[PDB]
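Protein chains in written order, with my numbering: chain R, 7 to 254; chain H, 297 to 495; chain B, 1079 to 1231; chain W, 3 to 71; chain X, 1246 to 2585.
Just so you know, even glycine gets a beta-carbon here, dropped at the ideal spot from N, CA and C.
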Ligand SMILES: Cc1noc(C)c1S(=O)(=O)Nc1c(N2CCC(NCc3ccc(C(F)(F)F)cc3)CC2)c(=O)c1=O
Ligand SMILES: [Mg+2]
Ligand SMILES: [Zn+2]
């Protein structure tokens, strides 16, 4: 692939295959030129090496990459993907995050969500909802309305937000309480407001901790967050019958 | 160190007092970091071994179960009997101090009014159904597991008890201290000790 | 292989020593080969000479200038359009490794940041399906003779 | 030991995730193993519902239908 | 008291007097660099030592030699500012003189022609700022000092764990400064081994055999010989009486018609004394005794000419008979004593495969270079270039001295390579320690860990640049031409420039200066690191080296070290601590001759210190210098207890020498728990500089020295009076005494204004002196960011109350009154650099043009004719800053679109909008625009307008300086001509320039005037020589990278207020995120009606035992109290005496303190200035471990009419009613750390996706998505969220089709997902199928 400045970048396979291809053709040629046994064996030996390096560089002398000192990555190494090994884990859409602060007013089942975040998150819901209510002509039309942050969209947003809960996650996810669902209450600010009783499970303070938020798109998922992951359902701990939602 | 920090924090700690205070602190911090890293490595290995373990059967109907008694260490009890039985289903019907009268029938789930009934009576030993005992092939029977949930009822079909089990163990693992988190690691890993005893 | 050819074209009767005659043929097959397979993106022979030549002019002017020559300085030494140098320098680079680890020494590699530009956005994919629906409502509103004729043009 | 216990698995997909991948993969291949799925991780990788929970309802239906009529 | 001091004196507490003050904090950096770049006329480290090492470079016996003369550094191309503005490096070019000599063949050292080639250029080397930073590419950067193992020899153990037997083995390592390692180690069976570097193990006699030692001679080296004689017939033994210690007798040991020890009795200290006094030298022994005794040298039968026995071979009873009948009178055995003199070398010889000198050489070659065929030239040349060649090996003096010191030699300096003796003696030592006598040295100890910094590290890199050029010269002198080439043709500056640039650029020890704070700067420069080259990695070590060592005391700080994964690998340097001449850390001490404490300072190494007994700083001594108590607490050898009066050899310099500068700035430290201290000390650094510099009421006393030494502030060079002040510049009319005879002088100081910092904050200066003020040498002329009148001001003091306020201070969250957000006092300014790049693509070039497609007039209206936004224009998110367009024609549109193009009939664009626009959310004021065009490419309208304004601006500053300088010279002349020829009115009536034409009578005054005239024209000439250069730099085409036609950098200044989500903290490790901003009314208020600024939770104090934060709050209350009393008197306008009395009362409070005060200070003009400066509160200093006691605080509270409690009754602003119990209130210095929520918040609906893995990726302002890991997957698995999991890592990520099919449904109003397969797997399939494996998807 091209880059900026006219620079080019490539996967290390291309280097390796090139070696197979070249040594394979050099040999095809020597068979008709009637080379002496010493050379064809030598070439037959080299071809073995290039192939072995393509598939699993490492079980031999380990060929190093073009100019760069570092050795090239062979097919078998792309099959793993974790150099013990790395945990994770993939990146997801409809998701955000920020610093968390308090929020004593909340009920157990709700959470505080910045106005701005909410907007950018539910964007597609909002777009359809405008043109389903005839405020926007087309989709392109809604695109711009929400860009302008017209007073009418703030009303529409309260609608797509009503019975639609979000999920909130904290740094290490030890037990399943690491992710819990909340009904979103709209907030002016840029801070996520969390219920004080739930802090315990999450192991959250307000010493600068941060949490992420996820939107359950499909319907089944909305319900799965209302019936299983909803803050109110997880009142007791699954490690021992005693309640985790404890006055702090 | 033989001479301890005689002063406190309302008082001032002098130079040699602080300097010595330091090591304890620095070791502490490092120690928590490592104990955080190791608690997760366990859980990872734990979830690996469980994972696929799901509540499949409704009731495998075996009578085989383990025998529950209060822990009782040394002089007096370290953890009482009520806690160990609560929420577990009974393997066979237990009786009062005098027989002929069964207080609780064959496989009844022992809850709060039952435990209070088994505390009203001097009952001290109970045989209970366990996942280790459960016949069920490829899964665990609903009855054998018990109930515990964030819901107060018996466990439902299809819940991945395995994963939830794992999580439960390594999560508070950060708090732990032969012994400590590494001892726990050794137990699960089933390691033979240096000088073993033959029977 | 450059040897394997010196042996066929050899004539001992010319009294030429085989130890130097082949030296030309072996040295010929080696340097011709580097020209074809040493590069990921193959460039022609006249292009490699051009390149090497410029590193010779740069050497001369390196401490000669006190710092280093301007892109349009070497341009003057050279018979060619002299701007071509910019094009030459750009092609002559050779691709950088996609698996080159970037900062924090993390498993984060170069390729992980190359975004896909060929793709079509979802926000866009919708407006198009929507433009289909909108032009239809408009076409059906017209007279049938007019719609069929428009859809043809 | 759990670490050894986790090693035995019917599902070569699930195996390749944590064990040594070359080894798992080599051995499965010679054998001509067939992963029937039925397990948590293996379905996640391949991308279908989990054989537990909500998905439990569906997976139970797919299993009986398999090798039936 | 000095002119800046006189304005605001901070009241100091604490008894102890400072005998030694804080030395120039940034010394380590500035001293280091100096030695590297200094012209030294000896072999001491530096560029000179660098050249001398690799030179001369002589041809392979070709007798053509290139030799080094001398180097030079030409003045830089650009100054520091130009460097940062343009964006290049600040370096001086290296011009070195080289001599090429060609020798005659064949004459004994006769030279043909020699060319003394002029100074050839071999690269530029970047230069250090007065602050110790390097500008690398227009960015200030710091090179962190390294802490590594000192070179030489060190012996270790590795007890117990080695093989689990218990035994403990012993290793010896010979680590040089450059060259291979040589290891000597014991195996379990007591045999000695060796390994070069970490390679294969070999028996230790092989290396001696390689040095030309025969079996006979090696046994001759290590062991003592025991002589056996066969006088008359059958045996006799030469005896030394001491030899028989730790042995039980085997036979009847009788001598001289007397029996000393009977058969089977242990020879003890008694049998040894008796034989010793008697003088017994020969005793008779039996034949059977030498059945195991090993023979030392070979023995042969003379007659046959055959070998009876070889050296190091056990004797048998038949063998004894053989050498005796062959007529051998003596035998040489070994003295093998199991406990004392073990036969370890004797048993190793038996393991040894080799037999001679070559055999050894071959074996060692075969280990080092295995597989390849060993030659003779090779094996010999390899062994010599391992430890004996000056090129490939150098112990360095540091190492040489340490090496000799460990073997206990008389010397301190020797060679750089190992002698035969060096290797032998090292062995001889390692063997003593196994036998007994000898202790192994621990690594952790700071006498074995050495410290390296910038200068030396770079000298090391320049050597590597030379060794590789050495290769080019040798390669060239090979094909040698005669007097045609010159040393210039062959020396290539690029690899030299490349290597130095890499070191300063990409290096672990080089990084961007922590520039968000003046502590951040100063602490960064003083950072130590065990990391990098020649240092361990996080994963390799090893809690033993991380931890606090006793030798750390007063050398490194026990607390300032990171919480992260590298705790204890970093550390910050102790205040008074310096770098030793050989490179060790030494801390200063007071000499105690007999019983009196001198005022003489002695600096001590980690080992010097170990011997002496040192008295605590925390000691009591009076009068001449006598200790008050007979018993004083002292530390001696690693431990500390109570000691005798006349016994101490030394005493600590200060209460603060154990901590670091960042630690010395935490008040009442003593009252904080080390765990929380560490965090605050780290947190102080992350403080962003406020809009208005406050100054702490509660300080410690460093605050000033910290601000001065860091160059954020502007300090006096010479002292005089202020001629002109201006937000722009300050000019000082120098005092005659400090002045220089010629060229008069008036110092002009130019202030740094509203510019960007490395952490995108705002680094700006301000004039603190006003017109016509007398200044002293070393006073602050201007303040810098987060500095108030000379003192360090990272934050601002707040009125604080401790109480739970309905849960708005639940975890650590903080509650703040609007009054703080109104006063704009925690407001902070941020500056951003945003560049638009105009490049060349294959489709054509990119245009920076005002004409952009699909944009409303209103959008374009913010741009100038060229397409570049106007300076001063207030912009918001989305607004176009630089209009750019990228060529892209032949779109190929759809038929529905084609219809639309006929209807509205719009012309389609062959260009794409690539303009730079304000990132979403951010909003500020454009404050500068810089254009950089490629040379040769035509400058646009805006580009030139800027060049013009600059030239004008350049000519103005230049001329104005010259103008002030002219008057300064001419004023000096008027005073010189009047002192001997006064014409006070007669003089100024003629033109000022025609004065130079007047002479004077016979004096040096005639010479002084001559000097001023001379300096007058050098100024005239320099002004013109500068204006030329400045003009050139403005006009000249900035060199741009490939592809790029031109670049537009816009600088945006955003004013960020303070909101919920922002992080705040105090100096005592108390974190906190502001929770809710509240109305003024609702605030808890006291009886006077004055509300609290910030409400804090009291629960964060018992748990996190940082108790000093409370004392901050009480002493802060007392502090502000004194100010209120003064503000009261100031408002009533009492009088000079009334204010004097109270103030003098205040600076005396506490009893027996070191403060001191007036009356000397001038009743008027002076006292009133101080008064006004105190009305905001009275600044107080609490030394670190010499702090102010509870009592002193309570009395200062009494003096402000405040309660001793420190507690007041308060009322809720909401209900008006009283809170039961009194709550603590007072003032606490609080910071704003740059973790602002504005930066932290992120969100994404749909967006961009990566090329390989079709996975969310951010680029076009719009950030990537959040990472949903395995861990979280388990979470959903634990619930029943099967659909939540499916949509999560299918449609919301890798599913290239489903992802859009979803988005389409959502807008259509359908909550359905159509799953399908993720790419992540789909790819795996192709990847393994491209191995020979077939994977398939089975069944229906
Ligand atoms: C998220 C997440 N958290 O846990 C899970 C699991 C997920 S995932 O379902 O999205 N799967 C995911 C990934 N790959 C790629 C690497 C591959 N591991 C080795 C392997 C297994 C099976 C074979 C076979 F047998 F199929 F050939 C070959 C190689 C596993 C699958 C990622 O990366 C990644 O993020
Ligand atoms: Mg926290
Ligand atoms: Zn069961």
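Alpha-carbon to alpha-carbon, residue j and residue i
i	j	result
residue 1284 of chain X	residue 1167 of chain B	40 Å
residue 1671 of chain X	residue 1427 of chain X	11 Å
residue 174 of chain R	residue 1282 of chain X	57 Å
residue 1584 of chain X	residue 1890 of chain X	44 Å
residue 2019 of chain X	residue 1949 of chain X	20 Å
residue 1519 of chain X	residue 1505 of chain X	8 Å
Reference residue i; option with closest CA among the options
i	options	result
residue 76 of chain R	R:253, R:82 and R:68	R:68
residue 2280 of chain X	X:1870, X:2191 and X:1460	X:2191
residue 1999 of chain X	X:2062, X:2450 and X:2074	X:2074
residue 2135 of chain X	X:2142, X:2417, X:2153 and X:1605	X:2153
residue 1573 of chain X	X:1555, X:1473, X:1629 and X:1534	X:1473
residue 2456 of chain X	X:1985, X:2479, X:1724 and X:2330	X:2330
residue 1861 of chain X	X:2484, X:2257 and X:2431	X:2431
Range covered by the beta strand (DSSP E) that runs through residue i
i	result
residue 84 of chain R	Residue 84 of chain R -> not in any beta strand (DSSP E); alpha helix (DSSP H) instead, spanning 81-86.
residue 1847 of chain X	1841-1849
residue 2075 of chain X	2073-2086
residue 1947 of chain X	That residue, residue 1947 of chain X, is in no beta strand (DSSP E); it is neither H nor E in DSSP.
Closer than 6 Å: residue i CB and nearest ligand 2 heavy atom
i	result
residue 1285 of chain X	no
residue 211 of chain R	yes
Span of the alpha helix (DSSP H), counted from its first residue to its last, around residue i
i	result
residue 1281 of chain X	1272-1281
residue 34 of chain R	18-38
Distance cut-off 6 Å: residue i Cβ against heavy atoms of ligand 1
i	result
residue 462 of chain H	no
heavy atom of ligand 3 below 6 Å from residue i C-beta
i	result
residue 386 of chain H	no
**Study point:** Segments assigned beta strand (DSSP E), at least 3 residues, entirely inside the stretch 1405-1454 of chain X
**Key:** 1416-1420, 1427-1431 and 1437-1441
**Study point:** beta strand (DSSP E) runs contained entirely in the stretch 62-133 of chain R, provided each spans 3 or more residues
**Key:** 96-98, 101-107 and 116-120
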